[PDB]
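Following: one structure in C-alpha cells, then a few remarks.
Laboratory data are not the source of any read-out in this text; all were calculated from the coordinates shown. In this analysis, Cβ positions are derived from the backbone assuming ideal geometry, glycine residues included, and neighbour counts consider all displayed protein chains.
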Amino acid sequence: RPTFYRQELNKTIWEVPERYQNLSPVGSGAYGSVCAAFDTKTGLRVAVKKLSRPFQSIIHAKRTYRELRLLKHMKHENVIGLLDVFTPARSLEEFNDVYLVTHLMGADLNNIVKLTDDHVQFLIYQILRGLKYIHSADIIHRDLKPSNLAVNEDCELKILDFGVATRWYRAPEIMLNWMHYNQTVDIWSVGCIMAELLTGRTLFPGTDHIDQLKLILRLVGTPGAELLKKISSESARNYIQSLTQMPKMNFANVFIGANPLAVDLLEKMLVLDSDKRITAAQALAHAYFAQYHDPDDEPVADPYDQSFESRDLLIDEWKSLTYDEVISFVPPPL
Ligand SMILES: COc1cc2ncnc(Nc3cc(NC(=O)c4ccnc(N5CCOCC5)c4)ccc3C)c2cc1OCCN1CCCC1
C-alpha cells in the first residue's frame, strides 16, 4: 500500500502513488482526463487516465468494468496494454475513483502526414497483426480510424481507443444494420485507412449516413443479386433496388500509379458482402506483405470470457466486480 500524494490541475483532484511524478495535462473530455507522467520505477514515460464518474449510472459502471477487463487481458506488441491500475480508496465502501496507466504514446496516424510504399506496407502490416490477435479472442474494435492509431519515431504502431468523422471509416453493414456482421467490419476500416495513406485524401468523406453510402456505392457498385438475397430488412432492400444502378469501378483506374499488389489487397478488403471480405489472418499472408510476414511471429490471444455483457446488474454489483479486478491486478514484468 504505497504512499499517495494529492494535487490539483484542469479543475480536478488527482491522487496518485509517489511512484508517478511530474504530471502534465494532455487532453480531457466526457469519459476521463489524461496526464503524462514520469514513472520512477522503470524510468519510462507513461500516461495516466482518471475515469470520469465511473459509477454514476448502470451504463458508466458496466463500461468502466468493460474497459478494465479488456486492458488486463491484452498482451501484444501492436495493442495497448495495462502497466498499472490503482485507486486511492482503502476499502470497497469508500471506492469511487479509478486510474489506468499505460505506455505514453506520442503522435497518432492522423498527425504524421502522402507517404512511401514501404511505409504503408509496414504500418498496415502492424495493424493487421494486432487485429489478428484481438479478433481471435472475439473482440471487435468497431471504431478503427487514424486517430485511434499510435505511431512513434521508429514507425512502431499500437491500436488503442482514445474514445475525422467516425462514419468516414465505418463498414456499410454496421452503419445501416442492413446485413449481419462479423469481425471484418474492422477490415473495412483498414481499407479506408490504407487508401488514405496511398493517396493523401480521405477515401469516402460523407456528410451523413446516406451521402456516405452514396460515395461508397460509387466505388464498389450497387449490390448484385447474390448479395441482395441476404439483406434481411425489407426497407433496406427497397432503398437499394430503388437507387440508380452504379457499376463497379476498376480500382487501378482509381489508385492510379500505386503498387499493384496493394491495389489487389484493397479489392479484397473493400467488398460489400461481409461473408466474402478478407480476414486479418488471410491478409497477413497476401503478397503485399512478403518482406514482413512471418507465420511464426503472428500470435493469437488467450480465450476471453465476455459473458458479463449479457448481464443486467445494479450499480453496486458492477462497482464491486471492478474493485476485485483492481485488487487481483499483477503488473507485467519489465
Ligand atoms: C499524448 O496523448 C496521449 C497518450 C496516451 N498514451 C497512452 N494511453 C493513452 N490513453 C489511454 C487509453 C486507455 N484505453 C484505451 O486505449 C482503450 C479502451 C478500450 N478499448 C481499447 N482497445 C480496443 C481493441 O484494441 C485495443 C484497444 C483501448 C487507457 C488508459 C490510457 C491512459 C493516451 C492518451 C493520450 O492523449 C489523450 C487525449 N489527447 C488530446 C490530444 C489528442 C488525444
Would you pick out the residues in the range 309-323 that are surrounded by 11 or more Cβ atoms within 10 Å (Cβ to Cβ) and within 11 Å of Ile59 (Cα to Cα)? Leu313, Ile315, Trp318
Just to be sure before I move on: is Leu144 within 9 Å of the ligand (Cβ to nearest atom), buried (at least 18 other Cβ atoms within 10 Å of the Cβ), over 29 Å from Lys11 (Cα atoms) and under 14 Å from the mean Cα position of the chain (by Cα) in the structure I sent? yes
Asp108 passes all but one of (1) within 13 Å of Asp161 (Cα to Cα); (2) out of contact with any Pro (no Cβ under 7 Å at 6 or more places or on another chain); which number fails? (2)
Residues within the range 147-163 that are part of a loop (DSSP other than H, G, I, E, B) and away from the ligand (no atom under 11 Å from the Cβ), tallied: 4
From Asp138, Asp117, which residue is more than 22 Å from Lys75 (Cα to Cα) and surrounded by fewer than 16 Cβ atoms within 10 Å (Cβ to Cβ)? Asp117
For the range 158-180, the count of residues that are out of contact with any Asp or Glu (no Cβ under 7 Å at 6 or more places or on another chain), among the hydrophobic types (A, V, I, L, M, F, W, C) and over 23 Å from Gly32 (Cβ atoms) equals 6
From the list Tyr99, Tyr125, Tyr133, exactly one residue is under 14 Å from the mean Cα position of the chain (by Cα) and among the aromatic types (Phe, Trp, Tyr). Which is it? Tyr133
Can you give me the number of residues within the range 50-84 that are touching a strand residue (DSSP E or B) at 6+ places or on another chain (Cβ under 7 Å) and over 18 Å from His141 (Cβ atoms)? 6
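Do any helices (runs of 4 or more DSSP H) lying entirely in the range 218-334 carry at least 3 residues that are closer than 30 Å to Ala89 by Cβ and in contact with a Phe, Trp or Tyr (Cβ under 7 Å, 6 or more places away or on another chain), and which ones are they?
Working: elements: 225-228, 234-242, 260-269, 280-284, 315-327.
Filter on the range 218-334 gives 315-327.
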